[PDB]
Amino acid sequence: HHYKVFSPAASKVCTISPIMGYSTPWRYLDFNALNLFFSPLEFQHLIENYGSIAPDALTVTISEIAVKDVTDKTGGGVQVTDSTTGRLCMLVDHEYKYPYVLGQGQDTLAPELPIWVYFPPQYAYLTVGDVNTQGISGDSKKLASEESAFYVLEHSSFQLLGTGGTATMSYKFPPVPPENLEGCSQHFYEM
Amino acid sequence: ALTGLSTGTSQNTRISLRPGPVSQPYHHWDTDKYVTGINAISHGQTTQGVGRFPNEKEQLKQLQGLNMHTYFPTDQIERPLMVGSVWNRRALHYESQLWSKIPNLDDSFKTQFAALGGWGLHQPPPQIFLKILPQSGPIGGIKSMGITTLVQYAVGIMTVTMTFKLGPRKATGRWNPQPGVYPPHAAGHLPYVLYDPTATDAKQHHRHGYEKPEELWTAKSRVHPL
Amino acid sequence: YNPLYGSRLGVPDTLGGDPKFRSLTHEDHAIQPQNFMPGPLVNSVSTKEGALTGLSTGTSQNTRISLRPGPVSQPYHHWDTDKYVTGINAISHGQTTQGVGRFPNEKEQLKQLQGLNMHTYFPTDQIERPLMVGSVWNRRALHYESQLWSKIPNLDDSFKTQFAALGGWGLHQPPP
Amino acid sequence: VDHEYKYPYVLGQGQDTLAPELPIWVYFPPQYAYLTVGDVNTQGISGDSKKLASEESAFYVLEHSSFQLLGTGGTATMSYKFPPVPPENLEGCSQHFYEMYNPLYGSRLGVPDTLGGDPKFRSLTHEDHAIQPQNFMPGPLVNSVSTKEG
Amino acid sequence: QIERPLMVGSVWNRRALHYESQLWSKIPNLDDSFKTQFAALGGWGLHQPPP
Amino acid sequence: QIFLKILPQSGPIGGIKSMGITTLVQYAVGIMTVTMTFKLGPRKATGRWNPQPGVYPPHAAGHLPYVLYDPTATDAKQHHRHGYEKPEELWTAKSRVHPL
Amino acid sequence: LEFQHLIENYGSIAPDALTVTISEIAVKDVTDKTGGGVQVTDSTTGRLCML
Amino acid sequence: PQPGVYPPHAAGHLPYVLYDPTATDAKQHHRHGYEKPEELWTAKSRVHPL
Amino acid sequence: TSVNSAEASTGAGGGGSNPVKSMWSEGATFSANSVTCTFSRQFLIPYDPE
Amino acid sequence: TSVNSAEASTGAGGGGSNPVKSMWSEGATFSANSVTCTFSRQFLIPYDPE
């Protein structure tokens, strides 16, 4: 369960400065796509029957948790058993303590079909730092600086969930402008 | 190399600003031709391949089309924000992200909608972090053990419930029918239906008979006057 | 964004009338799509790259007023990575003895793409950024010697006048 | 009376359609006509183009709605409340906003004097008025040129 | 150049109302707009103008 | 003092031959959670004109302490610390000062 | 970070109270794994002595 | 740790403290041992994620 | 026969379930007059054979 | 495949949990007129095959 510094070198277009960040042993849940919530039929029904849409409220429930032990199978391979002492750590960051990486167009979403298993992404984030010249080479890396935020999620309180455990997050969206689902039959410059 | 709208300290040291502001399209059917923006983002590709894009026909109608020149009597593509401007945002589509965090910088202009789609939020849905609690392997009278962890993995069911507020449809005064709310078209055969690809002359066998549309499915088919 | 993952969004790879798009890796970080644009910059150049010098408006080269320090949405001095950079539009709160100017270090603006000499490329190379829909930016930092207020001129209309260019708060009815 | 704004709104377009300026003149109200979206169809070999009606093209038949039939001597009244809107200021300004400083004093703020990478700043006098620092910027101008320079 | 961008902290005057000015225009009900309270031909921009 | 041990468990005795006496191989794990409350006094009021000294974070022998860093990015010579470093001074407070 | 916050914001410190909680105890049996090595299982009869 | 909230630096010696300029090799004798910082003192030393 | 006969299948031992919730408690809560500091560690106590 | 493929990993059998508390009771409590003496021993009763 290592924390690692994400630190590529820079030397073809680079970013404005070399990026630096941290990779954590935590996973996180990404469900930030509309097509997860609507089947194709339901989305047709939405756009056929309603003039606008806005997000209102969200609930995330984790249920049927199984922490599964693995051991060697007779005759080779491995076999799996349910663990009564294994725990799934769940940390819900209501405070936004931790760098927010959702909503970046990344390939991290829940599967589009309900028949597919979600493999939640590893949590990793970029932070500010100081650009240090790599000796004579003139190539550059961003080294950590006093401003560089190193977050250790194990330093906070989080829930330990056993097998069969359930936990629920709830969120209310702020008021936001609805997306208009209906178009225009006129050019505004031809009124 | 990095094409399209970008900002930085030199040609070699830049970030992409794609897709650019929501107040401009990056793909639409122009009158006889699909036009795609240099700033376009693709929600996957039809197989690298042909991009999958929203048809921003409501922006094209309101002088926001790609390659719209503005003439200052002198010819340029840039329009400044003018007092008394009106425009359409890029359409929400079936595959759009729902939100992004508005960065909590000091000030901002019209950040209610994120460039990749959905709503800009200062306090978005909170991140849920999960990991398995590491379990120590045995230490004691057994020889040569070292330190180990128990091989454990976790599974479960993530259930996500989202409520959306829905506005009513606008009343229609037209005599003639509204346009059909067509379902979107696939590159081969039909989208969202499991089909046997050996029955059809479509060339999307790599999709194994379940196909996404090649357009992003955008609503806005029905229209009302201004 | 999460640095470990590639985008689910493709970007142009082959240009022309029939463009081909390419999926992004976890390592072409420079072409990461963005949800929000950076803020406006107006002649936000250093003294090296910038009589009345700097941002100014008038009827001719001889008949102008200074618009220094320019909008609060852009710095005029910061530590860049190995060098102090000062704007042609900079105002000095006195000098270290004419002499070296005394300036706020606008490091929070430099971090958010508002640095001096930030080019924007429109594929063409210019320093000006227009105000974009969905822009985010930092204002120039309040500092110990900043003025506290200025009167917002009671003209018909204004845009984002809550902060005066010289620092502190724009007020319609300031301290009498 | 189209309280619902069902029908394309054509008022407020600078058109020569107004009621007469003098009360001694008879108003001849304009014929209602409006523009709608459509599809550009090439006129054969010529390459000239017309916009043909398309599914989006809105064809409105006002006789398909309910309306009042008024006989001779009939009266009917419409009433409308405006939304809250900013008032037009009828009074001007006796000052330039860029000249709100005290003319007797110099700035406590220096401005660039020597340029380059190591710039030297100079304190302003009470008489280099043209380089007075400003708290507020002037407004946007777009091609705001005279007929001679346009 | 003649163009001024909209700057943060801009102040300006609108074109004066005059005796012959139109009183209103319909603001087109597009998704978004900037400072449409006054129509370019004069008078007030209104989303729901006099019917 | 909190003393912990595993209760020894006897291995099998009975009809199986040659067993001897044995103990079950067992180990224990768990979570020790320690909560400590400290009483905190307020800071003394400062009459000074000039700023108090900075409450500097302590200095590391290489680079910076308490931050995970990539030691290949820095010319520091503390590679044996693998980029997580303690300060070389102990971090002591008492940076701010008051008259007698 | 918390120690920085302590020394930045407070004039003195004294110990006040302590709570120690031992939780999630698992007494784990060990036995031979198939193919060599050992494997671990949770024990319902194992006991951790706490004094 | 957060970055230190450093007091600002003077061109010579230390700001906001009356000092004897004959004790120091600083070259700001024209300030007579009371000195402003050469940077303006700006806050924002502590930082938070986005 | 063998479970290996299906190449994408693993054997399963049918282990137990324990739907307990517990906390990992960590962090300092500061107040005007006190701080409450909590840390958690996993501990291991080894097999002692005698 | 094998769990031995990770060299710092051990197989786990997913055993049961039993959050019972019990006492090891030992010691003499003296009083003016009596003493209460408690001892505890682990006992073992062997397998008897017949």
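Relevant structure appears above.
Residues numbered from 1 in each chain as written, not as in the entry; some residues may be left out. Chains lettered and ligands numbered in written order. Part of a larger assembly, values for the part shown. Heavy atoms only, no water.

1. Description of the interface of chain A and chain I
Moving on, step 1. Taken together, the 25 residues of chain A in the interface contact 20 residues of chain I.
Moving on, step 2. Inspection of the region where chain A meets chain I yields 0 salt bridges.
Moving on, step 3. Summed over the shared surface of chain A and chain I, the result is 15 residue pairs in polar contact.
Moving on, step 4. When contributions to the side of chain A that touches chain I are tallied by element, the ones reaching two or more residues are β4 (78-82) and β9 (158-161) of chain A.
Moving on, step 5. Ranked by residues supplied to the side of chain A that touches chain I, first place goes to β4(A) with 5 residues.
Moving on, step 6. Partitioning the side of chain A that touches chain I into residue classes produces 6 nonpolar, 15 polar and 4 charged.
Moving on, step 7. Examined bridge by bridge, β9(A) and strand β2 (residues 21-24) of chain I share 4 bridges and lie antiparallel to one another. The residue bridging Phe158(A) from the neighbouring strand is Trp24(I), located in β2(I). (Contact = heavy atoms within 4.5 Å. Salt bridge = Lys/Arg side-chain N within 4 Å of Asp/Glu carboxyl O. Polar contact = N/O pair within 3.5 Å; in protein donor to acceptor, adjacent residues only side chain to side chain. Helix = DSSP H or I, 4+ residues; strand = E, 2+ residues; numbered from the N terminus. Nonpolar A, V, L, I, M, F, W, Y, C, P; charged D, E, K, R; others polar. Pairing = 2+ DSSP bridges.)

2. What about the interface of chain A and chain B?
Moving on, step 1. Listed by partner, the interface residues are 95 residues for chain A and 80 residues for chain B.
Moving on, step 2. Approximately 8500 Å² of surface area, both sides summed, lies buried where chain A meets chain B, with 64% of it carried by carbon and sulfur atoms.
Moving on, step 3. Where chain A meets chain B, there are 3 salt bridges.
Moving on, step 4. In this structure, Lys131(B) and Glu154(A) form a salt bridge, with 2.9 Å as the shortest nitrogen-oxygen distance.
Moving on, step 5. The tally of links from chain A across to chain B stands at 53 residue pairs in polar contact.
Moving on, step 6. Secondary structure elements with two or more residues in the side of chain A that touches chain B: β2 (20-28), α1 (34-37), α2 (40-49), β3 (52-72), β5 (88-92), β10 (167-172), β11 (179-180) and β12 (183-184) of chain A.
Moving on, step 7. At 19 residues, the largest contribution of residues to the side of chain A that touches chain B is made by β3(A).
Moving on, step 8. A per-class count over the side of chain A that touches chain B returns 58 nonpolar, 24 polar and 13 charged.
Moving on, step 9. In the sheet, β2(A) pairs with strand β15 (residues 128-132) of chain B via 2 bridges, with the strands oriented antiparallel. For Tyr28(A), the partnering residue across the bridge sits in β15(B) and is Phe129(B). (Buried area = accessible area lost by both parts, 1.4 Å probe.)

3. Side note on the sheet that holds strand β3 (residues 37-38) of chain C
Moving on, step 1. If you walk across this open sheet you meet the 3 strands as β13(B)-β14(C)-β3(C), and the pairing is mixed. Among the strands making up the open sheet, the edge pair consists of β13 (107-109) of chain B together with β3 of chain C.
Moving on, step 2. As judged from the 3 bridges shared by β13(B) and strand β14 (residues 135-137) of chain C, these two strands associate in the antiparallel manner. Looking across to β14(C), one finds that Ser108(B) is bridged to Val136(C).

4. Quick word on the nonpolar core
Moving on, step 1. Counting residues in each nonpolar core, the largest one holds 84 residues, and the members touching the most others are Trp26(A), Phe38(A), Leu58(A), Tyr123(A) and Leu153(A).
Moving on, step 2. Of the residues forming this core, the biggest block, 7 residues, is contributed by β3(A).
Moving on, step 3. Discounting residues that sit within four places of it in the chain, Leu58(A) has contacts with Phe31(A), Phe37(A), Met169(A), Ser170(A), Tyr171(A), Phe173(A), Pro125(B), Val160(B), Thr161(B) and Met162(B). (Core = buried A, V, L, I, M, F, W, Y, C linked by side-chain atoms within 4.5 Å. Buried < 20%, exposed > 50% of the residue type's maximum accessible area, 1.4 Å probe, protein only.)

5. A few points about the pairing of strand β2 (residues 49-52) of chain D
Residues and elements named next belong to chain D.
Moving on, step 1. Taken together, the 4 bridges between strand β1 (residues 39-42) and β2 define a ladder with antiparallel strand orientation. Pairing of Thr42 across the sheet is with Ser49, part of β2.
Moving on, step 2. Between the end of β1 and the start of β2, which pair antiparallel, lie 6 residues, with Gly44 showing a positive phi angle near 65°.

6. Things to note about the side chain of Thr7(B)
Moving on, step 1. Summarising the element assignment, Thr7(B) is placed in strand β1 (residues 6-10).
Moving on, step 2. At a separation of 3.2 Å, a polar atom in the side chain of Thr7(B) contacts the side chain of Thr120(C).
Moving on, step 3. A distance of 3.2 Å separates the side chain of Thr7(B) from the side chain of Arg129(C), its partner in a polar contact.
Moving on, step 4. Residues within four places of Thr7(B) in sequence aside, it is in contact with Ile16(A), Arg14(B), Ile15(B), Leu17(B), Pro38(C), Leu113(C), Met118(C), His119(C), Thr120(C), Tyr121(C) and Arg129(C).

7. Brief notes about the pairing of strand β4 (residues 56-60) of chain C
Regular strands place side chains that alternate from one sheet face to the opposite one.
Moving on, step 1. Pairing between β4(C) and strand β5 (residues 63-66) of chain C: 4 bridges, direction antiparallel. Paired with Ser56(C) across the bridge in β5(C) is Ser66(C).

8. Examining a nonpolar patch on the surface
Moving on, step 1. A grouping of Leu142(C), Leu148(C), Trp149(C) and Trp169(C) is seen on the molecular surface, where their side chains present a nonpolar patch of about 410 Å² in accessible area.
Moving on, step 2. Tracing the backbone through its elements, the reader meets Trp169(C) in strand β17 (residues 169-171). (Patch = residues over 30% accessible without salt bridge, like charges linked within 9 Å, V, L, I, M, F, W, Y side chains within 5 Å. Areas by Shrake-Rupley, 256 points an atom, 1.4 Å probe, with all protein chains shown as cover.)

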